[PDB]
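In this document, chain identifiers A, B, C, D and E correspond to the written order of the chains, with residue numbering beginning at 1 in each.
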Amino acid sequence: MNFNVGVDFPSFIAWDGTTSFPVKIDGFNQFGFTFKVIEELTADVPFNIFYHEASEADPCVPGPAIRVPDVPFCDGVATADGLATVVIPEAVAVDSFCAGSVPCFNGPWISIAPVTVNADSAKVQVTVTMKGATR
Amino acid sequence: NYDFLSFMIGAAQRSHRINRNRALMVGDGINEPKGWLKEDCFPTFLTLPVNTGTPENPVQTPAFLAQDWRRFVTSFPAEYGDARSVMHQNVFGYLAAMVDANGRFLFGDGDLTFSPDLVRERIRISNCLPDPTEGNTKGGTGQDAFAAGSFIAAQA
Amino acid sequence: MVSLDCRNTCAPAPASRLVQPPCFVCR
Amino acid sequence: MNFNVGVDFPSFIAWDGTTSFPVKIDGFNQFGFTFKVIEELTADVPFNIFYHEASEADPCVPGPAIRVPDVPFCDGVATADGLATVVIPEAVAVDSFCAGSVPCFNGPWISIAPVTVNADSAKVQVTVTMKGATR
Amino acid sequence: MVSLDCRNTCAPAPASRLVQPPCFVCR
């Protein structure tokens, strides 16, 4: 049989290629991204990971974007500027996907946007999958 | 005076076995187990063609030859345990009846009783697999040539 | 820093990379 | 602490608001749907669920769209025309999501699209979540 | 509605379908 996996592991869009959508993660205790390429690339596309927090005007609307910091692992060295980044390599085929997640939470909102909005950035899609509901 | 209930039980079990065997070999994954030959994940080799015409006109018709079988069988890695091959009885018959320039055979050269019983421990013969010859109607002398992309045999 | 885990393809080989066997040795 | 949920439960965009994208469910043995709204609706939006067979010319490209049939449960009525359909009601708020699924697989590809394309339809987003792999 | 049962033939093959063997493989 097959199940209603959307009940327990919902997913929301984060970057459809033209616009970014802040995604609320407060109600869930885990998450992770998922990158897909719809057409062959031409050059590496780096991505920036931002996070928001509740605005003063309305406690249910995100505030301005804040860049997520880096936490070095025990067997590595910190980034040049100490901020997290994502790089999709040139070798990714149109028929494959990638998945990666940040080690820490920080605020109750998150989003991902490319460093530069160009013709290469339109060739990618990003989705966020939750896991585990605290309510 | 006969046990029709037992007959039907046996018939149902036989049908289950026969359908299961076709699955695991050709079934699709939507409602049946996915078969290896339908999934098509094993690396594939492609027999070399032959110019049956004249040098001034390259025809490049498909063909099948004994040394192609030899290369295929010898190309399998030795690391992966003990290999066994699977194929069709018509293909085995075609393979075992090839002759060289002098008219004598080149597989089972001096055997008067060559049969699949001799090589049963390395070669497994089942008729449920695709048959490139299509009932001995292709590949022979005077008949239409093979069809490109046809399945011949698998080893694993 | 993030390390991306990626799988070869959705299909094992969307176009199976069939290869001609090594050519004949010699006369 | 945190997990790379994207490795075990990948998700793919299905309806970004203006285009429909086929999704390959062949490699995974279960899946589901997730619907979310981005702006208030005014009229119920019905959705159509399809499946695609492999294309004749190229095995790695989907074929023409075919509409999923219905399967009644233990006790219950079949659809009026016997096909599967999904309806998003008016009461859904912008801050909530709805989940659903299909009881049978059929073809290897799946798809979804609205019955009509208009202002109300463009305000919805759909995503497909896969469970554990089998390759 | 009646289901008929029929034998293949009174003789196994009154004219036995003796058939040529498959043609020999190419040189």
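FYI, contacts are C-beta pairs under 8 Å (C-beta built on N, C-alpha and C of every residue); 3 or more make two chains touch, one makes a residue touch a chain.
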| item | value |
| --- | --- |
| Graph separation of chain B and chain D (steps between touching chains) | 1 |
| Chain A and chain B, separation of their C-alpha mean positions in angstrom | 50 |
| Centre-to-centre distance between chain E and chain D (centres being mean Cα positions), rounded to whole Å | 54 |
| Rounded Å distance between chain C and chain E, as computed from the means of their C-alpha atoms | 48 |
| Mean-CA-position distance for chain E and chain B (Å) | 26 |
| Shared-contact residues (touching 2 or more other chains) in chain E | none |
| Residue numbers of chain A (touch at least two other chains) | 95, 97-102 |
| Chain-to-chain touches, reported pairwise for every pair that qualifies | A-C, A-D, B-C, B-D, B-E, C-D |
| Complex interface listing, chain C residues touching chain B | 12-13, 16-24 |
| Chain B residues touching chain E - in the complex, by the definition given at the top | 63, 93-94, 97-99, 101, 136, 139-143 |
| Residue ranges of chain D in contact with chain A within the complex | 1-7, 9-13, 16-17, 21, 29-34, 36, 38, 60, 95, 97, 99-103, 105, 125, 127-131 |
| Chain E residues touching chain B - in the complex, by the definition given at the top | 22-27 |
| In the complex with chain B, residue positions of chain D that touch it | 26, 105-108 |
